[PDB]
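>>> Test case, fold it:
(chains A and B, ligands or ions: 4)
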Protein chains: 2
Amino acid sequence: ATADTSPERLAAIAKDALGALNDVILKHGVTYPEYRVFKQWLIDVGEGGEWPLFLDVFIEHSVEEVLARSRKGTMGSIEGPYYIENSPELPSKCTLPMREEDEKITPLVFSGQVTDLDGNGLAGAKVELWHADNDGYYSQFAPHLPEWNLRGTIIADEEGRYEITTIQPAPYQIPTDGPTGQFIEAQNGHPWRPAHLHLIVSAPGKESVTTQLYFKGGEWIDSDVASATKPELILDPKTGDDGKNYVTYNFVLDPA
Amino acid sequence: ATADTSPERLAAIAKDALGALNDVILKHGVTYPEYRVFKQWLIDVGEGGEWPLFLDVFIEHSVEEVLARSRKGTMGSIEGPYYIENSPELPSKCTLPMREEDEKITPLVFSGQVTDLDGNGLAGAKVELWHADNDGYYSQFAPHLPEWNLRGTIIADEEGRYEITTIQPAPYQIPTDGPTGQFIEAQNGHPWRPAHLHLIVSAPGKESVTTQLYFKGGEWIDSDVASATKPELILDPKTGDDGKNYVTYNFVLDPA
Ligand SMILES: Cc1cccc(O)c1O
Ligand SMILES: Cc1cccc(O)c1O
Ligand SMILES: [Fe+3]
Ligand SMILES: [Fe+3]
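Numbers count the residues shown, from 1 in each chain, chains lettered A, B, ... in the order given. Ligands and ions are numbered 1, 2, ... in the order given. Structure as follows:
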């Protein structure tokens, strides 16, 4: 993991970042025992392997809001800590891999097209999709799930179209028996994310987009702990006589 | 380590602390690769056991500046990460324990009196003193030093007086082959603290004071990496015909 930040730019950032915290401490009269609690918790965050968790929930949304300033395509959202590269490729119309359990849940049928800024369809286009199962678990972040449960790389057809069938995701609770959940518990917050799909959408010559989609009227949609929900990314699926939820969303990519 | 911070107070703090960082990220256009570097470094800080180091150098000075608002006695300073409780008690006039190496260094003779706000001397008074040796090492933070090298608990006499002989401390470099020094290296900073003594001064019925003392004209005194030097805490020892450095400083305690 590298950047090419200059010492001068790190110096300006660190100074107002340290200035920032130091000013909060001064504003609220943080005490020595509060300080000691804060020191222990930071240690616990690392010992709990929760730096990705904590930072993706509480910080990454500002880093996406930066990127969002230079992009004219589909709204992005945070990646979160559960992306895995190289999920198995599937054809343009496919079902995501799932367990027999998973089949008991309302299907979600997700259609659309990857296009450029003018609205031309894109051949070569990929949709990387991943989301939690109805129990709030992600494959590879839970020993009982097949390694690619509800994960996959959809190859859009020559026109950049896809029809991907999955399960309707459910509200997901972040892990809470660790320093991150203890942090939310101690301030009477809640550890919930709205139900959501995660997606990385790509095409030759295009800048990839990392995004999420949520579901209209879904719970926690206006109080996501990760502060990652945007109005533009809320789908409103219609249910068909077959009892499957159906939705169309297209992705629009900026030039790389 | 506990506090009795209310959820509401944690909520107000965390909100402007997160607001703070999130605003820095927005101000400087922090990028995804910068974000990834920052995530790794945080992990490395924990894996390097450097949370006490990092926070005592870059944050604790604001927490002392809070405490400083309610105290009328001697100026405090940060504790730093190297305090050890229960250092062996010594009499009111004593030498701090040291190695044969240590004896090659100019002695420092440190005199004074612990008093209250009105200037009455204090019986029962203790000075806990600790500092680095001429090599920049602290006992118990370096496998080659005796466990109480340059550490001790001086019992002030019935009038609250002490005459403590030690070595003249030297500028201390913080550890730099870790994530904290890498953080300072990457911004073209320097990892130096001015030469200094650490002290906890106590008396029955008094609120203890944690402080540090520095040496007039000493290097890094105006650019301490820990931002912990105060003008009030700079001593100006005089050297005697015996070639020992001599200095008088008294401590004034607030009521507990
Ligand atoms: C942003 C985010 C944070 C934690 C867990 C998740 O599933 C997620 O999407
Ligand atoms: C404040 C501080 C931080 C790091 C090392 C020290 O010796 C010290 O006094
Ligand atoms: Fe998620
Ligand atoms: Fe020190």
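>>> Quick one: name the residues of chain A near ligand 1.
Within chain A, the residues that sit near ligand 1 (C-beta under 6 Å from any ligand atom) are A:56-57, A:78, A:80-82, A:172, A:174, A:193, A:226, A:228. For every residue, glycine as well, the C-beta is placed using N, CA and C.
>>> again, 8 Å this time
Within chain A, the positions near ligand 1 by C-beta under 8 Å from any ligand atom are A:53, A:56-57, A:60, A:77-82, A:132, A:138, A:172, A:174, A:193, A:196, A:198, A:212, A:225-226, A:228.
>>> Take these and keep only those in helices.
Per DSSP state H, helices hold the following members of the residues of chain A next to ligand 1: A:53, A:56-57, A:60.
>>> Residue of the stretch 151-256 of chain A nearest ligand 1, please.
Residue of the stretch 151-256 of chain A nearest ligand 1, by C-beta to the nearest ligand atom: residue A:226 (3.8 Å).
>>> contacting residues for the residue nearest to that residue when sequence neighbours are not counted?
In space, and not counting its chain neighbours, residue A:226 is closest to residue A:57: 4.6 Å by C-beta to C-beta, 6 or more residues apart in numbering or on different chains. Residue A:57 makes contact with A:174, A:180, A:225-226, according to C-beta atoms under 8 Å, 6 or more residues apart in numbering or on different chains.
>>> Using TSV, lay out those together with distance to ligand 2 and neighbour count.
Putting these into TSV (distance: C-beta to the nearest ligand atom, whole Å; neighbours: other C-beta atoms under 10 Å in any protein chain shown) gives the following:
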residue	distance to ligand 2	neighbour count
A:174	34	22
A:180	28	24
A:225	35	19
A:226	35	21
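>>> Of those residues, which belong to strands?
Taking DSSP state E, every one of these sits outside strands.
>>> now, which of those sits nearest residue B:90?
Closest to residue B:90 out of the contacts of residue A:57 is residue A:180 (46.0 Å), distances taken as C-beta to C-beta.
>>> ok, that closest one - contacts?
Neighbouring residues of residue A:180 by C-beta under 8 Å, 6+ apart: A:45, A:48, A:50, A:53-54, A:57, A:174.
>>> which one of those sits closest to residue A:17?
residue A:54 (16.1 Å).
>>> closest point of the stretch 151-256 of chain A to ligand 2, which residue?
In the stretch 151-256 of chain A, the residue that lies nearest ligand 2 is residue A:179 (24.3 Å; C-beta to the nearest ligand atom).
>>> hang on, that residue packs against residue A:48?
Yes - the criterion here is C-beta atoms under 8 Å, and residue A:179 meets it with residue A:48 at 5.2 Å.
>>> In the stretch 51-200 of chain A, which residue sits nearest ligand 2?
Among the residues of the stretch 51-200 of chain A, residue A:51 lies closest to ligand 2, at 23.1 Å counting by C-beta to the nearest ligand atom.
>>> Surely that residue and residue B:42 touch.
Yes - using C-beta under 8 Å, residue A:51 is in contact with residue B:42, at 5.0 Å.
>>> So for those two, which sits in the more crowded spot?
Neighbours were counted for residue A:51 and for residue B:42 using other C-beta atoms under 10 Å in any protein chain shown; residue A:51 has more, 23 against 20.
>>> next one: phi and psi at the more buried one?
Dihedral angles of residue A:51 (phi, psi; degrees, to the nearest 10) stand at phi -70, psi -50.
>>> Identify the residues contacting it.
Residue A:51 neighbours (C-beta under 8 Å, 6+ apart): A:45, B:39, B:42-43, B:46.
>>> In strands, which of those residues fall?
Among these, no member falls in strands (criterion: DSSP E).
>>> Quick check: phi and psi at residue A:68.
In terms of degrees, to the nearest 10, the main-chain angles of residue A:68 are phi -50, psi -20.
>>> In contact with the closest residue to chain B within chain A, which residues are there?
In chain A, no residue comes nearer to chain B than residue A:46, which is 2.3 Å away by C-beta to the nearest C-beta. Contact analysis of residue A:46 by C-beta under 8 Å, 6+ apart lists B:42-43, B:45-47, B:51.
>>> which one of the residues you listed is nearest ligand 2?
Of all the contacts of residue A:46, residue B:51 has the smallest distance to ligand 2: 12.4 Å, by C-beta to the nearest ligand atom.
>>> what kind of secondary structure is residue A:214 in?
Classification of residue A:214 by DSSP: H, G, I helix; E, B strand; the rest coil places it in strand.
>>> How about the contacts made by it?
Residue A:214 touches A:194-196, A:221, A:229, A:233-235, counting by C-beta under 8 Å, 6+ apart.
>>> hey, where'd the strands end up in chain A?
In chain A, the strands defined using DSSP E lie at A:89-90, A:93-95, A:107-116, A:126-130, A:151-155, A:161-167, A:172-173, A:192-193, A:196-202, A:209-215, A:234-235, A:238-239, A:245-248, A:251-253.
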